[PDB]
Number of protein chains: 2
Amino acid sequence: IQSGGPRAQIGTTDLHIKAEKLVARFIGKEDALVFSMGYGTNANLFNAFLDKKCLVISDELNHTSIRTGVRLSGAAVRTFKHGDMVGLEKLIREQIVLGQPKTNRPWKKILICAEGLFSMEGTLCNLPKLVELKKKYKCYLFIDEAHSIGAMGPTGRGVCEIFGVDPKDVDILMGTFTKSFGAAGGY
Amino acid sequence: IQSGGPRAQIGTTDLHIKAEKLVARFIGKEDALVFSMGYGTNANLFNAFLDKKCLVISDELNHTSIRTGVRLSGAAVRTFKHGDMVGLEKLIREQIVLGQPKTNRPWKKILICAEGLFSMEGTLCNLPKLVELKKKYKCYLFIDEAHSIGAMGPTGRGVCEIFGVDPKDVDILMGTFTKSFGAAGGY
C-alpha cells in the first residue's frame, strides 16, 4: 500500500508502465502519463508548457482546476459565451489582429480550452466546429474529458467517439478515473 | 574617350581600380566604388539596400536626389525640423514604440539620412549628436558629403575631420567629384 517517492526518483513500478500503455491504447493516442489526483493534474500542466506571452481562450463555464492552473502560469486569458461559435471566431480574429497588450507584438501562442461535457448544464462542446476553427486559424486545442470518457460514445471512448472526430486533431486530452471507473487519479 | 559597356560586363580598366583604392584610402574607409553621375548614385542606392518594411528619417532640407532614391524604394519616410535634435530623439522613440502602420509589427530597420553641409543655408550637421543617438538607439547613418569633402577640414577630409569623429561610426558615406575636384562622378 506504500510508495517510495516521486516518479522521477524511485516511485515507478512496472504496473505504472502497464497502466500508461493501456490508457494510451484505449484513448487512441500514442503515449500517456498517470497521476494520483485530477485537480493537481490540471493545476500543474499549463505551468509547465505555457508562459506570460501566450493567450488562452477558455469557455466561461470551465472547471475550477483549469482556472487555477492557468492563473498560476501567467498567460493572458479571455473568455467567450457558452455554446457560441460566431463569438469565438470573432474573438480569435480580433485578438490575432490586436496582439500583445502594451506592445502589440504578435502573440507567441494561442490555446483554446474546453470540456467534453459540462456537468452543471448537461450539454456538450461543439467539437467539429472547434476543430475547424483551430485548423483554419492555427490555434491549439485542449479538451477536459472528466465526465465524457467511459460513459459516452458507442463504445465508451468519449466525445471523439460521439462526433466521429479523429482523436489526432486534439493536441492534449486529459481526464480522471474518479467518475466512471471507481478509482482515483488522472491522465 | 570611349568605354566598352557596363562595369559588370566589359567596362572595367585598371584605372578604375586605382581610383577606387585611392578614394578609399583618402576618405579613411576600407573600400569604395565610383560612378559616372552623382544624381544617379543617390537615385539608385536605397533601391538596392532597402525595402518597404523599413523606415527612413531624413532631414527636411535634403537634396532632391536623396528624395528620388528613397521614393523609388518604397520605405516609409518621416522628416524632422532642420537643426533640431530633441525633436529627432522624440521622433525616434515614438516611431520605435509605434511600429509599422496598420500592423504595429516592429520596424525591420531604421536609417537616418543627413548632409554634411546644406548648400542653401551654409550650416552644418550636428554629427556628434547624430552618432550618439544612432549608437544609443541602434539606428544607421548615411551622410551626403557633396559640398564638404575636399573643401573643409584641416586637411580637406570633410565633416569627420572637422568634428574629430572617427570615420567608422558612419555606415555609408557618399560624395561627388563635381564641386571641389573639377570633374564628374560620385563615390
# chains A, B, ... in the order shown; residues from 1 in each chain; ligands from 1
>>> residues_around(residues="residue 51 (chain B)", least_positions_apart="6", cutoff="8 Å", atoms="only C-alpha atoms", output="list in words")
residues 73, 74 and 75 of chain B
>>> select_by_dssp(residues="region 94-149 of chain A", states="strand (DSSP E or B)", output="ChimeraX atom specification")
/A:110-115,117-118,123-124,140-145
>>> interface_residues(of="chain B", to="chain A", cutoff="9 Å", atoms="only C-alpha atoms", output="MDAnalysis selection string")
chainID B and resid 97:99 103:106
>>> write_last_selection(atoms="C-alpha atoms", output="compact mmCIF listing (two decimals), in the first residue's frame")
# COMPACT_ATOMS: atom_id res chain seq x y z
CA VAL B 97 7.22 52.34 -29.99
CA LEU B 98 4.51 52.60 -32.66
CA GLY B 99 5.88 50.15 -35.22
CA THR B 103 0.19 46.13 -38.31
CA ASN B 104 2.26 47.62 -35.45
CA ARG B 105 4.92 44.96 -36.01
CA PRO B 106 8.49 46.00 -35.18
>>> select_by_dssp(residues="region 45-119 of chain B", states="helix (DSSP H, G or I)", output="VMD selection string")
chain B and resid 45 to 49 64 to 71 85 to 98
>>> write_last_selection(atoms="C-alpha atoms", output="compact mmCIF listing (two decimals), in the first residue's frame")
# COMPACT_ATOMS: atom_id res chain seq x y z
CA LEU B 45 21.39 53.29 -53.87
CA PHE B 46 18.44 52.97 -51.47
CA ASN B 47 16.60 50.91 -54.07
CA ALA B 48 19.34 48.31 -53.76
CA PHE B 49 19.68 48.09 -50.00
CA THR B 64 16.31 66.11 -54.48
CA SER B 65 18.31 63.02 -55.49
CA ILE B 66 18.01 61.56 -51.99
CA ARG B 67 14.25 62.07 -52.13
CA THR B 68 14.00 60.42 -55.55
CA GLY B 69 16.09 57.45 -54.43
CA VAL B 70 14.05 56.96 -51.26
CA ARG B 71 10.80 57.33 -53.21
CA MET B 85 17.84 67.27 -32.04
CA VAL B 86 15.29 66.96 -29.23
CA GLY B 87 12.67 66.54 -31.94
CA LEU B 88 14.79 63.90 -33.64
CA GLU B 89 15.15 61.88 -30.44
CA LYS B 90 11.44 62.21 -29.67
CA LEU B 91 10.55 61.07 -33.19
CA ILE B 92 12.91 58.09 -32.96
CA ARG B 93 11.41 56.96 -29.65
CA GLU B 94 7.83 57.40 -30.86
CA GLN B 95 8.39 55.56 -34.13
CA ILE B 96 10.17 52.69 -32.37
CA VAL B 97 7.22 52.34 -29.99
CA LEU B 98 4.51 52.60 -32.66
>>> residues_around(residues="region 148-156 of chain A", least_positions_apart="2", cutoff="7 Å", atoms="only C-alpha atoms", output="count of residues only")
9
>>> residues_around(residues="residue 29 (chain B)", least_positions_apart="4", cutoff="10 Å", atoms="only C-alpha atoms", output="MDAnalysis selection string")
chainID B and resid 23:25 167:168 170:173
>>> closest_residue(among="A:110, A:169, A:26, A:32", to="residue 50 (chain A)", atoms="only C-alpha atoms")
A:110
>>> atom_distance(atom1="CA of residue 77 (chain A)", atom2="CA of residue 56 (chain A)")
4.9 Å
>>> atom_distance(atom1="CA of residue 129 (chain A)", atom2="CA of residue 61 (chain A)")
18.1 Å
>>> atom_distance(atom1="CA of residue 143 (chain B)", atom2="CA of residue 123 (chain B)")
14.5 Å
>>> residues_around(residues="residue 139 (chain B)", least_positions_apart="3", cutoff="8 Å", atoms="only C-alpha atoms", output="ChimeraX atom specification")
/B:109-112,133-135
>>> write_last_selection(atoms="C-alpha atoms", output="mmCIF file, in the first residue's frame")
data_model
loop_
_atom_site.group_PDB
_atom_site.id
_atom_site.type_symbol
_atom_site.label_atom_id
_atom_site.label_comp_id
_atom_site.auth_asym_id
_atom_site.auth_seq_id
_atom_site.Cartn_x
_atom_site.Cartn_y
_atom_site.Cartn_z
ATOM 1 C CA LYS B 109 15.315 48.679 -39.980
ATOM 2 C CA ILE B 110 15.761 52.415 -39.337
ATOM 3 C CA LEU B 111 18.048 54.673 -41.381
ATOM 4 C CA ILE B 112 18.875 58.322 -40.670
ATOM 5 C CA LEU B 133 21.728 58.911 -30.999
ATOM 6 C CA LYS B 134 22.496 56.174 -33.520
ATOM 7 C CA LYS B 135 24.687 54.347 -31.003
#
